[PDB]
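J.:
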Amino acid sequence: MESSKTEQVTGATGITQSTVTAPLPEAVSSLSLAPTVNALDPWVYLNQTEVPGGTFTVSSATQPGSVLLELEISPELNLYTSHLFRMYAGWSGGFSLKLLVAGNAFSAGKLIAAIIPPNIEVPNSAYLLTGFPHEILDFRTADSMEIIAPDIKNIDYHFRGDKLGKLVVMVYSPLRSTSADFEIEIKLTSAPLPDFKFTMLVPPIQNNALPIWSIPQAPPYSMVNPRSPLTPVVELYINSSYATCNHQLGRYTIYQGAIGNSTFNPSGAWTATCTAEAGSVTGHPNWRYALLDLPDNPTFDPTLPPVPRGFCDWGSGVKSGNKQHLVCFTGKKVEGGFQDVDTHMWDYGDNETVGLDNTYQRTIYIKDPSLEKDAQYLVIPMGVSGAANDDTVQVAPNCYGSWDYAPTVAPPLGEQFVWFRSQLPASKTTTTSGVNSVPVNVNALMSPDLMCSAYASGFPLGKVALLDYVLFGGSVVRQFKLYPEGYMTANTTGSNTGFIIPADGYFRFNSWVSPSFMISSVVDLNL
Amino acid sequence: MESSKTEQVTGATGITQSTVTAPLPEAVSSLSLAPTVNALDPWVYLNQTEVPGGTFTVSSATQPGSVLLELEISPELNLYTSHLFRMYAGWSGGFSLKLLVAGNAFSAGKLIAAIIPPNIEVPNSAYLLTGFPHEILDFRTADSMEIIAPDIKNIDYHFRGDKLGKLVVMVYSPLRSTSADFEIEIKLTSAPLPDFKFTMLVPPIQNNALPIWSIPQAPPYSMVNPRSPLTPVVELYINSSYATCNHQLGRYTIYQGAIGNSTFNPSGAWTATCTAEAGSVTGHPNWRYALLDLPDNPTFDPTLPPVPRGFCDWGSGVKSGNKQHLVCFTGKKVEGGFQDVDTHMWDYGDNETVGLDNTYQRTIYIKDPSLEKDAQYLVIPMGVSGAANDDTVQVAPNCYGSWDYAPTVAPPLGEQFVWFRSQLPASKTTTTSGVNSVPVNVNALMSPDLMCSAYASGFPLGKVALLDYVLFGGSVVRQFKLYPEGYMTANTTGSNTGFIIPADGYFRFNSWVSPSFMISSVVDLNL
Amino acid sequence: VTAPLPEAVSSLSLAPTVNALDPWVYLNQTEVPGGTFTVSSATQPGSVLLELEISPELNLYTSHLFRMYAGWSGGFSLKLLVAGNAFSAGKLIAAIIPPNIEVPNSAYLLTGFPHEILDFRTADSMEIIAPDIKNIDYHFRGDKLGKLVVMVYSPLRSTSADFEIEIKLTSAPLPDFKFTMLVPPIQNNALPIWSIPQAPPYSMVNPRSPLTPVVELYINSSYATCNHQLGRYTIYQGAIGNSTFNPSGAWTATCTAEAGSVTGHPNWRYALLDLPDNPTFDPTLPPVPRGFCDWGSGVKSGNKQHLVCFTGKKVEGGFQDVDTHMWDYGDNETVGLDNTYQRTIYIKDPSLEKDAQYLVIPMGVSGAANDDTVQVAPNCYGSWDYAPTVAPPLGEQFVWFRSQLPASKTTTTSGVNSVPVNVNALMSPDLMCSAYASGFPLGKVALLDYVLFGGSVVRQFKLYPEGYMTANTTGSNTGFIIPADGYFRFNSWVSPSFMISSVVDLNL
Amino acid sequence: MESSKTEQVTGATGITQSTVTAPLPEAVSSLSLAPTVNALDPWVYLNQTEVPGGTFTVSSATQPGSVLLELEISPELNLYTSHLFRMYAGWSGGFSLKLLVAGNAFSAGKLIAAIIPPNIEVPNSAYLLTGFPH
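Residue numbers (the deposited numbering), protein chains in the order written: chain C, 1 to 527; chain C', 1 to 527; chain B, 20 to 527; chain C'', 1 to 134. A prime marks a further copy of an entry chain.
#1: Report the neighbours of C''/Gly53 on chain B: residues whose CB is nearer than 8 Å to its CB, in chain order.
#2: Along the stretch 192-204 of chain C, where does the CB come closer than 8 Å to a CB of chain C'? Name the residues.
#3: To be precise: take each residue of the stretch 82-95 of chain C', compare its Cβ to all Cβ atoms of chain B, and keep it if any distance is under 9 Å. Which residues remain?
#4: Consider the Cβ of C''/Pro133: report whether some Cβ of chain B lies at a distance smaller than 8 Å.
#5: According to DSSP, what are the bridge partners of C'/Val171?
#6: Would C/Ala12 pass as an interface residue toward chain C'' - the criterion being a Cβ-Cβ separation below 8 Å?
#7: With respect to the alpha helix (DSSP H) encompassing C/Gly268, which residues constitute its N-terminal and C-terminal limits?
#8: Any C-beta of chain C sitting closer than 8 Å to the C-beta of B/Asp143?
#9: Are the C-beta of C'/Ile212 and some C-beta of chain B separated by less than 8 Å?
#10: For a cutoff of 8 Å on Cβ pairs, would you count C'/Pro298 as touching chain B?
#11: So is residue 17 of chain B in contact with chain C if we call contact Cβ pairs under 8 Å?
#12: Assuming the contact rule is C-beta atoms closer than 8 Å, residue 186 of chain C'' and C''/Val122 should be a hit. Round their C-beta distance to whole Å, please.
#13: For residue 555 of chain C', count neighbouring Cβ atoms within 10 angstroms of its own Cβ and tell me buried if that reaches 16, exposed if not.
#14: Comparing C-alpha positions only, which one of C'/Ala490, C'/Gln324, C'/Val307 sits nearest to C'/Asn297?
#15: Does the beta-carbon distance from C'/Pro25 to C'/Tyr172 come in below 8 Å?
#16: Please list the residues of the stretch 25-53 of chain C that have a C-beta atom closer than 8 Å to any C-beta atom in chain D, keeping them in chain order.
#17: Could you give the residue range of the alpha helix (DSSP H) that holds C''/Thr6?
#18: From B/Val440 to B/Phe459, what distance separates their C-alpha atoms?
#19: So is the beta-carbon of C''/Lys5 under 7 Å away from any non-hydrogen atom of the ligand NAP?
#20: Counting only Cβ pairs nearer than 7 Å, list the residues of chain C close to C''/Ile15.
#21: Among C/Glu485, C/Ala396, C/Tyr348, which residue has its Cα nearest to the Cα of C/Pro412?
#22: State the Cα-Cα distance for the pair B/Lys428 and C'/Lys367, rounded to the nearest angstrom.
#23: Kindly indicate which three-state DSSP category C'/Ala209 falls into: helix, strand or coil?
#24: For the stretch 122-134 of chain C' against the stretch 204-216 of chain C', are there 3 or more C-beta pairs whose distance is under 8 Å?
#25: Are the C-beta atoms of C'/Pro229 and some chain C residue less than 8 Å apart?
#26: Indicate the three-state DSSP secondary structure (helix, strand or coil) for C'/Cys274 in the structure shown.
#27: Which bits of chain C does C''/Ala105 rub up against, with CB to CB less than 7 Å?
What follows is the structure, given as structure tokens:
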């Protein structure tokens with residue numbers, strides 16, 4: 001609206017158009033209540049930089065009414081104002097947003113962008129989006145559109161934590177083309193408007209998310225496996241069958257740290273004790289009941305977890321009488337320690353009854369005919385024995401009550417989880433030792449070591465991290481998405497249950513993307 | 001020299017003097033070669049902030065000729081220019097440094113400050129310091145002295161990595177007073193001079209040390225013990241006897257990460273294997289020789305470590321035939337794993353010969369009369385047995401060769417180490433199991449979890465970190481110094497070998513201090 | 020877009036002499052050495068297509084002159100030549116990186132630097148000026164310099180059938196450019212032009228099988244990687260791994276008999292190679308004598324395949340009754356002592372006298388071995404410097420020097436009956452000889468023309484500084500062979516991402 | 001360089017460009033040593049004629065670096081000056097050469113032309129050809 005410029009393409013088979021528009025007038029604050037007004041380096045106003053989570057692709061499949069992009073107008077748009085904002089208490093002013101469109105004269109379709117005031121819901125149809133102040137582009141001639149996005153507020157200047165307006169981009173008319181694999185690419189860049197200002201210098205220690213996250217180059221094999229300490233991580237894994245995870249040990253979150261029953265020192269908390277309560281259950285051998293000790297939950301209330309912190313979540317099976325069991329060290333407690341430590345078979349709760357068969361509680365099986373009454377015993381989970389395989393260990397027992405356990409999660413459609421494997425050694429016995437375990441592999445959703453760095457540099461709100469995985473000195477690079485909930489996903493096309501990736505390491509940070517972002521790189525599982 | 005101001009104290013029993021001096025004229029660069037000149041927020045020039053490592057105390061014991069303070073003139077002096085410098089490639093300009101002296105009219109003594117040009121050694125006598133451009137203060141009347149410190153250079157503007165001038169402060173005449181516990185306190189504050197400028201905005205990801213270090217509030221008991229995984233850290237420890245450390249597992253450094261034989265995943269690397277080579281040594285039972293496997297050092301060259309990564313460094317003793325030994329799990333390797341895993345006694349190298357008695361090599365003892373020839377075996381260090389106590393485990397075996405092992409370290413005179421303890425459970429046996437371990441405690445210099453955050457935010461060059469340790473909700477606070485070499489020290493006055501500190505946690509960052517800084521808080525070991 | 024970063028003119032007031040340039044080199048544009056690259060629909064976003072230091076090497080006239088001077092000062096004016104089309108649309112990014120700053124990893128961090136966006140349909144004839152960010156009043160050779168980086172911003176897409184787009188850069192010194200100090204013209208700059216004396220491949224020696232002339236050049240689909248140790252040469256380092264500049268001279272070796280044996284239908288006796296250059300057998304030096312065989316015979320099948328060799332007992336001033344025996348590396352049934360490049364071997368000799376020197380001439384392989392087994396080399400372990408394994412960029416295949424090895428038969432039970440096989444070497448020392456004179460431009464690859472029938476047929480290969488040649492092939496097959504008439508010719512320097520326009524059809 | 005002219009194709013789906021360039025300045029001889037200076041029929045200067053051996057075809061197979069055309073600047077370029085030269089002993093002056101290209105707006109590629117001074121070898125790569133005036 002403010003101005004328009006047209007240029008002829010090379011060869012004179014079309015044109016490109018550059019426009020500047022101000023759909024909503026800007027009201028400039030007088031800043032009369034600001035104790036001090038702090039100016040910016042003048043060169044910051046002249047430097048367009050890419051906006052985090054400001055990229056998307058339009059294909060013939062994309063339908064109108066789906067929100068492709070939604071961003072708040074704040075200092076986080078620009079790379080340098082984001083870094084500067086850590087030294088200040090408040091801010092005021094708008095931004096100039098530039099849409100870059102890679103169009104062509106032999107395509108068809110339209111695009112719409114609009115400004116949403118604060119405290120207004122975003123609609124899900126291009127028809128309603130025309131109610132807002134907006135602008136429309138055509139793929140045949142669009143080259144770059146500059147939007148003078150205003151800073152809508154009812155106060156003199158902003159403190160941290162307010163509600164802010166948004167920019168929304170949507171397809172107005174579907175894309176068409178003779179070629180079946182043509183697609184339009186959209187990118188956003190921003191810079192503060194000349195009237196942008198800061199106020200009230202303060203020491204630079206804030207809770208914001210750093211615009212750039214620095215990841216130490218520690219490789220995966222140098223990281224611990226939460227669900228199987230004492231065994232190093234050997235490779236990364238992708239399985240098509242594993243469409244969900246219900247584990248409670250390898251769960252970490254950006255906001256509230258550990259989740260469910262997880263801990264930051266898996267090796268330290270791997271040990272527990274039981275009291276060997278009376279009672280027994282039937283079987284060809286004789287099985288015994290024991291109640292786990294809860295030092296952190298001395299009074300067995302339903303609010304706190306019912307099992308020792310970070311204890312164990314193998315998962316034996318829905319029903320396995322003489323087929324599958326868990327094997328652990330066990331020894332009677334005496335002064336100064338324990339005596340006669342040897343391998344025994346065990347499991348969770350009773351067998352026949354439901355709700356106690358495979359669940360978290362204090363009740364556990366013991367394969368000890370000579371289990372002394374009301375005496376304390378040691379428990380080192382070790383591994384599994386019988387007919388157990390990888391699948392049985394993968395599925396953890398269910399959780400019940402009101403002790404805010406870790407919720408089950410699934411990947412977005414079209415993506416698959418990435419795991420940390422570990423070879424669990426097999427234990428064999430020739431004499432009458434009692435038990436014989438079998439080889440098996442254990443997977444963990446996430447390791448605390450990787451998430452440790454992320455805590456120092458939090459994630460920007462409503463964004464995920466796109467990471468590069470360098471293996472052969474840069475020749476081979478893989479792309480993963482790291483969600484705040486604490487899992488990694490990859491884009492796949494094939495179907496395989498045994499895909500292996502080396503553990504050379506060197507994780508690298510690429511950029512911030514939306515949760516619905518589609519990874520450009522694709523991992524072919526059929527190979 | 002430029003100006004002086006005198007004021008009368010309350011009660012008219014003395015005066016205080018404020019002076020501004022420019023001992024060395026400033027040459028202002030024209031910045032003709034700078035592609036862009038970036039200005040600063042004008043309010044940054046008016047904000048004096050404390051200089052990191054800019055505090056010291058003068059007592060009657062302090063003698064002239066000892067360097068109390070030495071700082072480079074760079075953007076790191078000011079809190080805000082340090083944060084701003086991460087966005088830029090170069091800088092140019094001087095600083096104004098203010099000395100604040102807490103003097104009194106009924107004391108005596110003098111103080112001297114000087115400016116050292118680049119590439120000049122700092123002398124160790126006040127007599128030679130008068131050769132430089134300098135200024136002299138008197139404790140009877142000194143209140144605040146402002147120094148216009150110039151930016152001495154022979155280039156148009158600075159890049160990272162140059163040599164810079166320094167400010168040095170020294171006692172000119174010793175302090176005297178009727179009271180025996182009087183002492184003067186000195187502090188430095190700084191702000192850039194009006195001609196300071198930056199140049200060439202670049203994305204803010206640099207290798208500098210952040211002016212403020214943010215420490216996660218994870219308590220010690222949530223951290224792993226490098227020298228004893230599977231046992232949680234239970235308390236912090238101070239011992240007067242332990243005047244040095246020669247360990248090789250709990251060694252981490254700010255610059256080159258792990259040191260000696262340490263690893264970032266102690267639990268994962270705690271396991272090793274041996275080959276059970278031929279030969280034997282005398283004894284009432286029969287002992288056997290075995291050679292440790294080195295997957296990381298397949299060819300046993302003297303350049304690389306001679307033992308498995310992060311394996312074990314207990315330390316049994318200088319000579320213990322039938323008194324002290326190490327006890328571990330052991331089992332013969334078979335397809336899929338190991339069989340007949342049970343506790344056995346072992347040690348390092350042979351017994352009589354020197355250089356192999358207590359040293360790192362592949363040779364180790366095995367307490368297995370039926371040790372099969374040239375067969376692989378598992379080794380889980382577990383613990384100790386016999387007459388071993390805390391002292392024996394504390395002293396690790398020596399290291400020889402040219403495999404850049406971890407050097408031995410000692411605390412500065414008047415300070416003591418702070419350790420991480422862990423109760424090692426005792427293993428008892430009633431039947432003919434073979435061995436019986438004893439309770440013992442294990443100490444580690446540092447845990448990787450604490451150092452993990454420090455890697456993200458490096459230390460400023462030539463500085464140590466002063467940390468606050470909050471225990472009872474802020475009521476009780478302890479002060480420790482964290483050195484880049486990777487150990488913590490505390491100021492003590494008493495003499496005790498069993499001082500215990502809880503593990504409530506909540507480490508906090510206070511400020512940057514010099515290595516010779518003396519902690520104000522004192523821990524009384526006699527209580 | 021014309022000038023991402025301002026260019027600050029230096030007065031050169033500290034230079035002892037200010038040496039002016041010919042006024043006419045300022046006026047006309049020339050192609051930038053190594054400034055050519057191509058964009059394809061398969062190119063991934065965020066991948067660096069071109070990286071150049073702002074230096075006198077951006078122009079071939081100033082590059083030639085710079086061999087004669089010790090200092091310089093000033094920037095350059097670049098012009099962009101795009102061979103686009105009407106159907107394809109994409110977008111590029113060009114940025115200036117100040118000296119002492121690391122190059123970013125992703126396109127979104129690159130936008131932090133001074134930059135500007137190119138659109139394929141309007142990019143042609145765009146002009147960019149590259150300033151030089153300097154510390155001193157002028158540069159000394161060996162300083163750290165700013166650099167220009169070009170990266171894919173939006174991937175190339177086409178409405179119609181896809182076309183590749185080829186990009187060229189031309190440059191000329193900016194009017195303030197000047198030299199200084201006038202030193203003799205033997206400085207260390209890489210010459211903008213490389214002159215290759217004419218030498219047909221069959222006139223070159225085959226390092227991995229001397230005594231057999233190179234018969235023809237070879238391209239195979241299956242051979243995806245090379246792990247050889249003999250035919251490895253590098254312009255920066257010279258001979259790599261266990262290579263030598265005199266393959267025939269180092270072919271012969273000797274070994275000393277060892278105690279023991281192993282199991283076999285006949286008897287398998289031990290031997291131990293001599294190491295004149297490694298007397299103490301320390302871990303940091305090669306385990307085997309320089310230039311010795313690196314053929315592989317099966318991963319573990321010590322009995323199915325066998326290497327063969329002439330062997331004779333040591334005698335004063337010579338050797339006696341040399342005859343053909345079998346041999347192989349390592350003791351077999353072991354990870355580190357089987358099919359491994361190390362000094363322990365065994366010989367098929369019924370009676371091998373202990374602690375006696377013996378000849379070892381690798382000759383040829385026998386048994387069930389075929390050329391596929393021969394090419395795979397024994398693995399290397401230890402701390403000594405061994406040649407890294409290499410693979411060509413996706414879409415390209417190696418070009419090998421091929422030699423044919425005659426077989427050997429016998430009526431009498433002399434011990435063996437060798438099998439005819441073919442030998443391949445990735446590089447030959449003779450071709451590298453010339454390159455050492457003229458260095459390669461930093462991080463650039465030589466594009467060579469191989470013309471055969473008096474100009475009628477021309478093949479295009481890329482020679483990498485690591486020491487291998489590759490060809491772009493639409494098809495991939497095992498049996499394709501190029502004649503050996505020869506006459507290599509130098510074409511230009513290209514970026515390693517460049518894709519050869521000329522294509523070789525292998526399936527047909 | 002001297003001038004450029006642009007025209008729209010029929011249907012307005014592209015353009016055609018006609019240019020006049022003088023990459024190397026001409027030095028005009030004073031002819032002070034010539035016993036006689038003989039002029040030409042003025043109509044000969046206005047008659048473009050095809051140059052012998054001045055035709056070639058570019059296909060997708062043709063590769064850069066191959067010399068498609070190489071001609072000496074002499075009276076043999078023009079049909080009438082070639083016939084006239086038989087009556088004379090000497091000559092002096094340059095020529096105007098016109099390249100006619102049958103292009104189309106829906107193709108791609110580029111072409112380069114250069115002037116080689118006497119006693120200089122012709123290179124076999126477009127990269128080196130940019131060294132000459134072109």
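The C-beta atom is built at its ideal place from N, Cα and C for all residues, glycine as well.
T.: In this structure, then:
#1: Here the premise fails: no neighbours, minimum Cβ distance about 17 Å.
#2: Going along the stretch 192-204 of chain C in chain order, one finds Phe198, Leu201, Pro203, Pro204 with a Cβ nearer than 8 Å to chain C'.
#3: When CB distances to chain B are screened at a threshold of 9 Å, the residues of the stretch 82-95 of chain C' falling below it are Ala89, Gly90, in chain order.
#4: Closer than 8 Å: yes.
#5: Within the DSSP bridge table, the entry for C'/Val171 names C'/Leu111 as partners.
#6: With 8 Å as the cut-off, C/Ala12 counts as an interface residue toward chain C''.
#7: In this chain, the alpha helix (DSSP H) harbouring C/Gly268 covers 266-269.
#8: With respect to chain C, the C-beta atom of B/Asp143 has a partner C-beta closer than 8 Å.
#9: Between C'/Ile212 and chain B, the shortest Cβ-Cβ separation is not below 8 Å.
#10: Using a CB distance cut-off of 8 Å, C'/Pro298 counts as an interface residue toward chain B.
#11: Here chain B has residues from 20 to 527 only, and residue 17 of chain B is not among them.
#12: Only positions 1 to 134 of chain C'' appear in this structure, which leaves residue 186 of chain C'' out of reach.
#13: Since the first and last residues shown for chain C' are 1 and 527, residue 555 of chain C' lies out of range.
#14: Answer by Cα proximity: C'/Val307.
#15: No, they are not a contact pair.
#16: In the displayed structure, chain D is absent; the protein chains listed are C, C', B and C''.
#17: According to the DSSP assignment, C''/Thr6 belongs to no alpha helix (DSSP H) but to the beta strand (DSSP E) extending over 3-8.
#18: Those two C-alpha atoms are separated by around 36 Å.
#19: In the structure shown, the ligand NAP is absent, as is every other ligand, since no ligand is present at all.
#20: Going along chain C in sequence order, the residues near C''/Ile15 (Cβ under 7 Å) are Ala12.
#21: Out of C/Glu485, C/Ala396, C/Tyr348, C/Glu485 has the C-alpha closest to the C-alpha of C/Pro412.
#22: A straight line joining the alpha-carbon of B/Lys428 with that of C'/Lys367 spans about 59 Å.
#23: Correct three-state label for C'/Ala209: coil.
#24: No, the stretch 122-134 of chain C' does not touch the stretch 204-216 of chain C'.
#25: At least one chain C Cβ lies under 8 Å of C'/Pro229.
#26: If DSSP states are grouped into helix, strand and coil, C'/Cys274 belongs with the strands.
#27: Those within 7 Å of C''/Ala105 in chain C are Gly11, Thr13.
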